[PDB]
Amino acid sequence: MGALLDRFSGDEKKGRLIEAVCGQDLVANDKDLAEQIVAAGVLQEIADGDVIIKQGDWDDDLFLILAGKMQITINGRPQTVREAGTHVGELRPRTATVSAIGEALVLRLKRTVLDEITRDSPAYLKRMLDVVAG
């Protein structure tokens, strides 16, 4: 479908999406960094049961969960569920088989593009250093 997607795509819903991105672990109300991550990434609507990540795979991809819920799973056993505002994958092959619990919207990025954004943000770099305690 695109009902969720449609709530977010186009110049029309640019604000709502940017607004959404800021309320993420990594962005932490750094707007410039979202506006960049907005441009860098591709919105995807995901059906209930739809896999964004096979585990054992080498997807450099990392998804911002903008709306809905993702069920992390390892070796057959449910782990966490990430939700609106969180992210999935990395920061080695793939840890977990992430899948969608209900309709979910994500923003998909490549490790590569991600870090050239990462690496230019004093703000993010500062925030990853603070969380580096043993």
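The first residue of the shown sequence is 1; numbering continues from there.
In the deposited sequence, the stretch from residue 91 to residue 92 hides 4 to 9 residues that have no coordinates. Taking the PDB entry as given, 58-66 carries the higher mean Cα B factor of the two stretches 100-108 and 58-66. With 34-42 and 80-88 compared on mean CA B-factor from the PDB entry, the stretch scoring higher is 34-42. Annotation for residue 73: CA B-factor lies in the lowest third of the chain's modelled residues.
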